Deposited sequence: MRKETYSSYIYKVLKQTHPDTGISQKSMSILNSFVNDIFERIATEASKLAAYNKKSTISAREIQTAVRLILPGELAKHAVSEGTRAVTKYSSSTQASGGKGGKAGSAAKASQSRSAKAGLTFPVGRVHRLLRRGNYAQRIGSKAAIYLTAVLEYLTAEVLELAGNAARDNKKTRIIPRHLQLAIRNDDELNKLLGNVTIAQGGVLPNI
């Protein structure tokens, strides 16, 4: 429900240049929740459809293809595939997967909302990488609208401008 600190971390990894206001963070935090709900729900119906007791990374991946607009989908799938692949060859979970967002908190969230009987680990890693990639994407576009306008602080107007002036962001967050 609160990815704030991790959102702020993500922002500084690419643009220490840029700050973000309270309103902007809560709005951006709500987008993370909405995207989580819609992905978990779709994976939930997919698990039931394929007679699965457990939501695995496979259900997460398919759910990502369906919910996300064209280009965002292929990049999210690539990132989710990267986080799970790195964590496997490496045998915290976030660190092993190379993620900044809390893999443990997401798994738990997935787990206490009863989308399935069980939530596999690789699936929680997959979803976490997707939430992080998307969050960075919004921050990048919300940040570009701020920096292009010669400002150094993301305000709510910039989020609206980023989502509006971008087609795929528009399909998803519109």
query	finding
Chain regions without C-alpha coordinates, deposited sequence numbering	1-3, 95-112, 196-208
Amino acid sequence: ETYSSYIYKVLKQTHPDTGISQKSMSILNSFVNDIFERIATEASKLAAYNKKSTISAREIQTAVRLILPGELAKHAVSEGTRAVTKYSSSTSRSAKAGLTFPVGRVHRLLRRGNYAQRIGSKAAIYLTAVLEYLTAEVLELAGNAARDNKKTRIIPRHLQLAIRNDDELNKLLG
From here on, numbers count along this sequence of modelled residues.
item: Which of 137-145 and 107-115 has higher mean CA B factor, as the PDB entry lists it; value: 107-115
item: 39-47 or 128-136, whichever carries the higher mean Cα B-factor; value: 39-47
item: Top Cα B factor in the deposited entry, candidates 100, 91, 85, 92; value: 91
item: CA B-factor ranking of residue 66, expressed as a third of its chain; value: highest
item: Third of chain Cα B-factors occupied by residue 60; value: lowest
